[PDB]
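One chain comes next, on its own, written as structure tokens: the form deposited in one PDB entry.
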């Protein structure tokens, strides 16, 4: 309860950490944690040539002040010391090595009170307007004397260490750089009982890496139109709905976070919203769900590939599926021969016979995505027929309107062929997608009529994200937004335990997708023209706990 230094004098640490080159630590079964991000420097410079968005973030935090909050901080600080009574600046503190690695033309740091820690070096040795100190104790005395907003520790491996050892840091402002480099200095392992994440930013691309910004907080061990809001909330109900079956104690960490801006939260929050406010319902499968109806998610494919990080996911299978679609295939055996089993259960003798498809060969799935994308309208015979120049080739159509009529509002691909639903092994979930083109950029809306949140939505996001990059590249456009519209959104009763676990995981920065740039026609991609870079993830989860 009694006041600790770091509160009084508002001491904070700010770092940028990349991932560190290790050989023989097989990228095949790499385990990932908070400590994955820990690279501060190499040979006395930064690990990376120039990540300009961290530079800009860094200057923004370390130079920002609120004059109208200064009086409060002064009272709070004078009242601590049994005392009383140009522009306000922040103080910044750094070690000697750090300072010696910054070029003359940038020191002393503009618009900030610079302070060096150093046993050896001394003040007669500096031309510059800078404070020298030789014990952390001396910084306290100094902050006592100066007029300043906030104090920031800009590091040094060693400086971070001891300010963290002595609990002097009230918050860490940590940039996770999602890229690997050669490093010789490292950020201390953070004690998860002393510091815990309270905030996560949006994910960005700068200079060919993704990255985000998190905040650790130290763990405890007119003002009038505010009544007008209360008045409007007068119809604030009894309590919640699933406050009986689902406990908000089950999401301790999910809820501990103040700012949850990482876009993986457009998925996670929908999950939480169905758990807390789902409608309880039977379904075709019998298993049962909580459902709601009608959501939209948006992913900026210019900044990142939205491969969920709160559990593991592999893409081989869904790319093959995507290429099978494009090829116009309806033969289930093609996929089983590549050890992809996404459609295995929909093409068994027993399954087909439940659909009343008695005269259908095993693994002949009928007029499904592939067939509708390349031959909408044609009469389906069997999966081995030659269907060339039969039906409407929707796919070639929309590649031509994107290239030649980009302002068209009719660039749609539709799998929901009312006349063939009954002949499909089963009716398509991804009803359709619509394209939009502006300024050499392609965005894509995909409407999903039925959305298994636990297990299928994650893959589906990835699936139509990749498909958007493919279309954009064969049309000489850049991808912009994949937009995911969800109709019947539901969580299956057997996913609830895995999903309670998943929503208490904190996201990592997303990876990026690279396609072989040489592929100029939608029909010419192969599995090897696709690479996933910098996929950092939590543990695989078994969405169902029986198997």
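If you superpose the two forms and keep the largest set of C-alpha atoms that fall within 1.5 Å, you have the rigid core. Positions refer to the first chain, counted from 1.
FYI, the form deposited in another entry isn't displayed, but the following is about it.
Checklist entry - For the set 71, 439, 129, 350, which residue undergoes a C-alpha shift of 2 Å or more between this form and the one not shown, given alignment on the rigid core? => result Among the listed residues, the outlier is 129.
Checklist entry - Knowing the Cα distance between residue 128 and residue 55 changes 3 Å or more in the other entry, does it shrink or grow relative to here? => result Note: Cα gap between residue 128 and residue 55 widens in the other entry.
Checklist entry - Taking the shown form as reference, are the C-alpha positions of residue 127 and residue 9 brought closer or pushed farther apart in the other entry, with a change of 3 Å or more? => result Relative to the shown form, the pair is closer.
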